[PDB]
Each structure stands twice: as structure tokens, then as C-alpha cells.
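Chains as they are written, first to last, in the authors' numbering: chain Y, 2 to 142; chain f, 76 to 132; chain K, 2 to 186; chain Z, 4 to 127. All residues carry an ideal CB built from backbone N, CA and C; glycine is no exception.
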RNA sequence: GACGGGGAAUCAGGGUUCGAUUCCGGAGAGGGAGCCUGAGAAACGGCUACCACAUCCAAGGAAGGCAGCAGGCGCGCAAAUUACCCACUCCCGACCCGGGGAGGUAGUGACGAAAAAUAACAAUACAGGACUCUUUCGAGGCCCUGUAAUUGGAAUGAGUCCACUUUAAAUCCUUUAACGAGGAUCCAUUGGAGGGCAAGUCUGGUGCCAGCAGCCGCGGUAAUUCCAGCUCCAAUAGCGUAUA
């Protein structure tokens, strides 16, 4: 520290508060902007309705297409873009089918070579995608 | 071909073979007993770098 | 408002490094040597010895000729002598820090049955403890994690209701005798 | 071949009863019923086996020990006065009304429904 | 996105975050307002005025407030039986004697915490290991150490099933009859095998396609990273993912 007086606690406190406000994580966690602009709104999982299935491309050093869906939310109705994880699971998703989206790994940040997608799907038609992969459960009919 | 970016293409075209029928593996305490056995008390003093259990070169 | 307890705590601690060679080999060696089930038991014994060592260091931090230091040091020393992992010659507080985890694993009931001579192997000792064949002072024990005392080591013996210690024969022996009497008459 | 020992035996002149913690030894056998326990407590106390009340027998692990409580009275009516009614029903000397709480509460609300001598009439 | 506090998590020492939540105190019964009785209420399982909402109706009127116990709708990632009893603990009344969704009991219950089965013994199978030796060949292998769908005997547990015990009556635990296991089919899963970070340059298929990958990166017609089998590594009735 710099201020080393015996009767100095206030300058230390106010300077520590100001330099704590001059941060990124403490600025993010204590303002209403970073939660008001958050699509999940401080929630881990969310439900939604798929409207379109759009394949977005990869980044520079690798070449692929990435299978994604356009999901509108139920609680606030905004439009996000999810990402179906596994191989060949887009055939289980039909128009206007309810899904369960979740986080993608880096706390509201784009992960890997997929540009601009921060969410991924876990369950579709109120059954898990893993059980549809492993041949354990069947979609209701 | 059909098309380029088909979903489930490789796994759909992958040859389908099943499991091989085998006995059950020892689970619980005897799994650790066999692990300690094979790892420690059935060794010989070799030289050089040790070989991994999955070395099949 | 309901009348319950709501008091509980963990007895084991997970180490910070999940995958490195030496501590994994040391724990696996201890599991194989004393015939335990999993790593949670040796982690539990390490947790108990860590709490005892922390209490001993807290007592050794406080200066000599104090009432609470002498009281808690004599209480912990008497308990640690009576549990069987210390000696009356080593009746000092600064020797608590020199203990190792194998000394705490010595007074387990499974290895005590194995070292007394009531079972062939230590795994045979564990499947003898889990089987309810022995007793400690006219009362059977089923749990292999039964820590014993210095005055309780001599009194361990087979139970009354056991074919090994004299009693009713078991199910398979009675089934074979019934098969023999059926084949004979 | 079962034996009974006594522990914490004390008398109450102000409750006209004797209280003790009994110890039951039944090795190689299941838990003995309360009637034989009552008859043995009647034997060693020189008492008729009607004022003998035992309760709460918990069995230890391993077999051989069971800790219970015993209650010793002097006469029948003095036993009948200061007794819980469920032990009298277990002995067979008391009978409680057999109806459930829901229809009692609904019938109480039906007495609340009207006023007068017909309050007894509406509850049948 | 504040009920406060006693507290909780994490913790060398200093600290950071949470505290709706059973104990204490405060506030309210849709929201403001007014009042009777009573010692003590601005009481709402008391009354009265408003609006929002809402039940029945011969259309004149009448009757309400589950943020109590169960339960329903809505909401959302998210949360249980329209069960039994005052026997245990207390409270109230004229009162030993009546009442108590306060409470206790059971069911649902992988929030979480503690304990703990899924094997062991004996001999043959076939390789080594310590002792004078046979330079190295057989051997005591009596003293071991191990695993290969080799065999045979000792054992009890889940579950079925009398009784007893417990309890207001049960149920659960324990005691306990008669039953109840050789591949003991009574069959242990979850995430991985390039580095971080324990563990294949094994085999077959696609060929910057499918896809994997928290990061670096991997796929271009020989993939140590994809899709499948075998082997194995980590925790173990538990493991993985997303969030503060």
C-alpha cells in the first residue's frame, strides 16, 4: 500500500472500492446491464421453440459446417441461436418442437470454431439427446 | 454422394458389428486387489523406460 | 418447526491433484496391502489423522504452563495411547506429529483379525468380518472399520452362533447332509 | 432356559407402583413375548399376573439381550386409575370408540350448521 | 436480484461470498382506510368503504379472501400424500376426564451425510521368486506368489416367507422358523485413452465430408484425437454437463 497512516482507513476503503469498480469481473457481476442483456437472465437451463434450422460455417483454420437451430425463448421471447452437439441429431428436431437449451462452456462466450453461438441444446421433445443417440428412449407418438 | 453436408453420414455408413460375449468383470474390492496385484507384485526388474499396459506395437 | 437433528459432516477429503503417479501408487499400495474397498476409506483415515495433527499443532503453538494446553494435551495423549497407536514411554505432545497413516491402519479390525491368526488372508479376514462370525467381548461386529483399543485386543474371538467357533452348522452343510440322507434313504 | 435380571429398581408409594428396568437373556432363541415376561415377573415378585405391565422391548444386534421396562402394581383398580389406556387395551380391559377423525370433524361442523335441540338430531 | 442477527461455504496468516429457511425480533394476510369487544388487535379462519377479481340467483338480493394443512390452475431449469392419531412434546378451557393439519407417525424423496454386498478357500492346471548347488541342463518347488469357462467342498447376504418385537394400530430396524447362489445370469455403471492429465502410433469405415475439441488443436482417399469392436485408465453405487 501507499497510504500508511495510523488514522487512514477511509482513503484505503474508497480507493479499494474505486479500483474494484475499475475491473471486468466485478463490473460484470454487479451491474444490471450484464444480466439485463443476458438471454438466460441468470438461469442455467432454459426451454424454447425451434423455428428455423441454420447451418453456420466454421472459423479460418478448419473447414466444416456447424448444425444449429434458431430458438425463441418462452419466458422473454427473444431470438437466440443454439447448437446441436452430436452427429446426426438434427433429424430428431422438427418444426415447432420444444427443446431444452443450456450453456456452452465459457460463461456466455463463444467456444471453439463456431462464431456467434453461445448456447447448446440438451433435450428435445422432453427426452434427452443422449438417449436418442444410444437407442434407449423413443420420441412420443 | 447424395449431397455434401448430410447429417449422420459417416455413422449411417459405418459398418455395424456387435459386442463379443464375455464373462463379467470383477467389481468392488477384488478389482482393486487385482489392480494392486498386476501393478506391484508381479513385476520384474527391467531397464529403460517402462511400457504402458496398452502397448500393442 | 420439526424436532430433528440436522447435524452431519463429511469424513473424507478429495485431494487437489486428480491424476499424478506417485500418490496414486501410494494409495493403491495401501488399498492392496490392507485389503480395503476404495480410496474413500484411506482418505477418511488421512482426514482423521490430519485433524489430529492440526489439533496437536494448535496445542503445541500455545506456550508452556497453561491450564487448557496441559488439559487438552493430556486428554488427547491419553486417548491416543488408549486407542493403541502410541506407547506409555512416548508420553509427550511433540511426538504426535511424527505419526504416519499406517499406524492408524494397524488398529483396524480386519488387519487385527488377519494378524491374530483367525483367517488365512486379509481379504478372507474382511469377508469374515462382513459375515458375522466373530465377536468382541460377547457381542458380534459386522463392520470392518471397527477400531479397537489396547484392552480390547485380547478379547476378540469367534461368536457363539457360528460353525467356525462351535455351533449350528450352516445352510450348505445341512443341505449336503439332507442330500446324503435322501440318497441313503 | 431364559433368565431375567433387574436394574434401577425403585418403588413409588405416591404412585402405588414399582418401577424397574428389566434385562432379558434369550440366547439361541427369538424375542420372547410379553406374556411369559409378565408371568415370570409375577413369579419372582409373588404377585398375581394381572397387574403386571411391560412395554418397550428393543432387541440388540447379535441376539441374546433385550432391554425392556416393567411396571408392578398392588391392586386392580389402583392399576386401572393411573394407566395409559392403550396398555389396558393391549391387556384387553379397555375399548375405545372406533370412528375416524374425518367424520367426527364433519359431524362437529354439522352441529355448527344448526342451533337448538336439533343439533343433536342432525348428528344422528 | 436488501427482512436483521445468532450463522454457512471457503480458509497458512489476512480475507471474499451467501444468510427466504425451523431459534430470537420486526412486518403482512390483494392494497390502502376506519372501528367494536377485550387487559392485550387497527385482529382479517372479527366487522365496515373502495377498486381489481369472483360464487349463487325467480334478477329482488345473498355470500367471500389457503403468503395454514393436503390438493388444482398459471408460472418457470426448479420443488412431495385431497393418509392415520392426540399415544410421545406442549397449549387452551368451568377443567385428572374434552379439543389441537401445533405436533407425532408413515408414503413419495440419488438435495445431502454416515456405514456397507457384487467374493473367498483347497487342489490341479503353467510362469517366476528367495537357500548350499547343477557355469547354463532335471530337481527340494516341503516356504511361496500369480491367473486360465479345470474340478469339488465349506459360508451367508438381497428377495420370497410364519412368529415375536415396535407402535394409538401398524410399517421400518433387530431377534428368528422353513426356504433362498458356480459362468454363484442374483450379469456395476459414468466419463476418457495427443499435451495439460492416469491410460494403444491395435483393427475396419469416411476422406477439410461426417464430426471431435473447456485451451492448444485433430480430419486433404495410410486419423495415436472422428464413427464402431478389443485392450485399458480414473472414481465407484456412483459419474458427467450448465450456471452463481
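Query raised in the report: When burial is assigned at 16 or more other CB atoms within 10 Å of the CB, is residue 63 (chain K) buried or exposed?
Result: Position 62 of the third chain, counted from the first residue, corresponds to residue 63 (chain K). Answer is exposed; the Cβ neighbour count stays below 16.
Report task. Between the Cα of residue 81 (chain f) and those of Y:29, Y:25, Y:24 and Y:90, spot the shortest distance and give me the residue it belongs to. Result -> Position 6 of the second chain holds residue 81 (chain f). Comparing Cα-Cα distances from residue 81 (chain f) to each of Y:29, Y:25, Y:24 and Y:90, the minimum goes to Y:90.
Query raised in the report: In three-state terms, what does DSSP make of residue 147 (chain K)?
Result: On the third chain, residue 147 (chain K) is found 146 positions in, with the first residue counted as 1. Here residue 147 (chain K) sits in coil by DSSP.
Query raised in the report: What's the C-alpha gap between residue 65 (chain K) and residue 47 (chain K)?
Result: Counted from its first residue, the third chain places residue 65 (chain K) at position 64. Counted from its first residue, the third chain places residue 47 (chain K) at position 46. The alpha-carbon atoms of residue 65 (chain K) and residue 47 (chain K) are separated by roughly 29 Å.
Query raised in the report: In or out: residue 160 (chain K) buried (at least 16 other Cβ within 10 Å) or exposed?
Result: Residue numbering aside, residue 160 (chain K) sits at position 159 when the third chain is read from its first letter. Flag for residue 160 (chain K) reads buried.
Query raised in the report: Taking Cβ-Cβ distances shorter than 8 Å, what residues in chain f pair up with residue 30 (chain K)?
Result: Taking the first residue of the third chain as 1, we reach residue 30 (chain K) at position 29. Under the 8 Å cutoff, chain f gives 111 and 115.
Query raised in the report: Mind checking residue 1 (chain K): buried by the 16 CB within 10 Å criterion, or exposed?
Result: Any property of residue 1 (chain K) remains undetermined from this structure, which presents chain K solely from 2 to 186.
Requested in this report: Let me know if residue 120 (chain K) comes out buried or exposed under the rule of 16 or more other beta-carbons within 10 Å of its beta-carbon.
Outcome: On the third chain, position 119 is the one that residue 120 (chain K) refers to. By the neighbour-count rule (16 or more Cβ atoms within 10 Å), residue 120 (chain K) is buried.
Query - residue 108 (chain K) beta carbon less than 7 Å from that of residue 85 (chain K) - result: Counted from its first residue, the third chain places residue 85 (chain K) at position 84. Counted from its first residue, the third chain places residue 108 (chain K) at position 107. Yes, the pair counts as a contact, with Cβ atoms nearer than the cut-off.
Query raised in the report: If contact means a Cβ-Cβ distance below 9 Å, which residues of the stretch 168–185 of chain K contact chain f?
Result: none
Query raised in the report: Taking Cβ-Cβ distances shorter than 8 Å, what residues in chain f pair up with residue 197 (chain K)?
Result: Summary: the structure shown does not reach residue 197 (chain K), with chain K confined to residues 2 through 186, and so no result is reported for it.
Requested in this report: Using a Cβ cut-off of 7 Å (strictly closer), state whether residue 132 (chain K) contacts chain Z.
Outcome: On the third chain, residue 132 (chain K) is found 131 positions in, with the first residue counted as 1. Taking Cβ atoms only, chain Z never reaches closer than 7 Å to residue 132 (chain K), which makes this a no.
Report task. Anything in the stretch 34–67 of chain K with a Cβ closer than 9 Å to a Cβ of chain f? List those residues in chain order, please. Result -> 34, 36, 37, 38, 39 and 40
Query raised in the report: Should residue 127 (chain f) be flagged as near chain Y, meaning a C-beta pair shorter than 7 Å?
Result: Within the second chain, the letter at position 52 stands for residue 127 (chain f). So, not an interface residue.
Query raised in the report: If you draw a straight line from the C-alpha of residue 50 (chain K) to the C-alpha of residue 43 (chain K), how long is it?
Result: In the third chain, the residue the question calls residue 50 (chain K) occupies position 49. In the third chain, the residue the question calls residue 43 (chain K) occupies position 42. If you take the alpha carbons of residue 50 (chain K) and residue 43 (chain K), they lie about 11 Å apart.
Query raised in the report: What residues of chain Z sit near residue 140 (chain K), judged by a beta carbon separation below 7 Å?
Result: In the third chain, counting from the first residue as 1, residue 140 (chain K) sits at position 139. Under the 7 Å cutoff, chain Z gives 65.
Requested in this report: Using the Cα positions of residue 78 (chain f) and residue 106 (chain f), report the straight-line distance between them to the nearest angstrom.
Outcome: Numbered from 1 along the second chain, position 3 holds the residue referred to as residue 78 (chain f). Numbered from 1 along the second chain, position 31 holds the residue referred to as residue 106 (chain f). Each residue's Cα considered, the two are about 49 Å apart.
Query raised in the report: Name the chain Y residues whose beta carbon is nearer than 8 Å to that of residue 80 (chain f)?
Result: Stepping through the second chain from its first residue, residue 80 (chain f) is reached at position 5. Those within 8 Å of residue 80 (chain f) in chain Y are 56 and 66.
Requested in this report: Could you check which residue in K:4, K:167 and K:40 has the C-alpha nearest to that of residue 12 (chain K)?
Outcome: To locate residue 12 (chain K), count along the third chain from 1; it is residue 11. Among K:4, K:167 and K:40, the Cα nearest to that of residue 12 (chain K) is on K:40.
Report task. Could you tell me the boundaries of the beta strand (DSSP E) in which residue 9 (chain Y) lies? Result -> As a position in the first chain, residue 9 (chain Y) is number 8, starting the count at 1. It is not in any beta strand (DSSP E) - residue 9 (chain Y) carries neither H nor E in the DSSP assignment.
Report task. Taking 8 Å as the threshold, find out whether the stretch 160–178 of chain K comes into contact with the stretch 132–150 of chain K through three or more Cβ pairs. Result -> yes
Query raised in the report: Looking at residue 57 (chain K) and residue 97 (chain K), is the spacing between their C-beta atoms short of 7 Å?
Result: As a first step, residue 97 (chain K) is located in the third chain; it is residue number 96 there, counting from the start. As a first step, residue 57 (chain K) is located in the third chain; it is residue number 56 there, counting from the start. Result yes, Cβ atoms of residue 97 (chain K) and residue 57 (chain K) sit closer than 7 Å.
Query raised in the report: Which residues in the same chain as residue 77 (chain Z) place their Cβ atom closer than 6 Å to its Cβ, once the five residues preceding and following it in sequence are excluded?
Result: Taking the first residue of the fourth chain as 1, we reach residue 77 (chain Z) at position 74. So the qualifying residues of the chain are 19.
Requested in this report: Please state whether DSSP places residue 101 (chain Y) in a helix, a strand or coil.
Outcome: In the first chain, the residue the question calls residue 101 (chain Y) occupies position 100. DSSP places residue 101 (chain Y) in strand when its eight states are reduced to three.
Query raised in the report: If you compare alpha carbons, which of Z:113, Z:98 and Z:99 is closest to residue 105 (chain Z)?
Result: Mapped onto the fourth chain, residue 105 (chain Z) falls at position 102. Of the candidates Z:113, Z:98 and Z:99, the one whose C-alpha sits nearest the C-alpha of residue 105 (chain Z) is Z:113.
Query raised in the report: Of all Cβ atoms in chain f, is any one closer than 7 Å to the Cβ of residue 109 (chain Y)?
Result: Position 108 of the first chain, counted from the first residue, corresponds to residue 109 (chain Y). It does not; no Cβ of chain f falls within 7 Å.
Report task. Report the option in Z:123, Z:66 and Z:61 whose CA atom is closest to the CA atom of residue 72 (chain Z). Result -> In the fourth chain, residue 72 (chain Z) corresponds to position 69, counting from 1. When only C-alpha atoms are compared, the closest one is Z:61.
Requested in this report: For the beta strand (DSSP E) containing residue 73 (chain Y), list its first residue and its last residue.
Outcome: As a working note, residue 73 (chain Y) is residue 72 in the first chain. Where residue 73 (chain Y) is concerned, the enclosing beta strand (DSSP E) stretches over 66–74.
Query raised in the report: Does the separation of the CB atoms of residue 94 (chain Y) and residue 51 (chain Y) fall below 7 Å?
Result: Residue numbering aside, residue 94 (chain Y) sits at position 93 when the first chain is read from its first letter. Residue numbering aside, residue 51 (chain Y) sits at position 50 when the first chain is read from its first letter. Yes; because the gap between Cβ atoms is below 7 Å, this pair is in contact.
Query raised in the report: Given that a residue counts as buried once 16 or more other Cβ atoms are within 10 Å of its Cβ, and exposed if not, what is residue 58 (chain Z)?
Result: The residue labelled residue 58 (chain Z) in the question sits at position 55 within the fourth chain. Per the 10 Å Cβ criterion, exposed.
Report task. Look at residue 100 (chain Y) and residue 106 (chain Y) and say whether their C-beta atoms are less than 7 Å apart. Result -> Along the first chain, one-based indexing puts residue 100 (chain Y) at 99. Along the first chain, one-based indexing puts residue 106 (chain Y) at 105. Taking 7 Å as the Cβ cut-off, residue 100 (chain Y) and residue 106 (chain Y) do not qualify as a contacting pair.
**Report entry** Proximity of residue 75 (chain Y) and residue 120 (chain Y) at Cβ, strictly below 7 Å
**Finding:** Taking the first residue of the first chain as 1, we reach residue 75 (chain Y) at position 74. Taking the first residue of the first chain as 1, we reach residue 120 (chain Y) at position 119. Not in contact: residue 75 (chain Y) and residue 120 (chain Y) (Cβ atoms no closer than 7 Å).
**Report entry** Classification of residue 66 (chain Y) by the beta-carbon crowding that lies within 10 angstroms, buried from 16 upward
**Finding:** The count along the first chain starts at 1 and reaches residue 66 (chain Y) at position 65. With fewer than 16 Cβ atoms within 10 Å of its Cβ, residue 66 (chain Y) is classed as exposed.
Query raised in the report: Looking only at DSSP bridge pairs, what is residue 81 (chain Y) linked to?
Result: Counted from its first residue, the first chain places residue 81 (chain Y) at position 80. According to DSSP, residue 81 (chain Y) bridges with Y:72.
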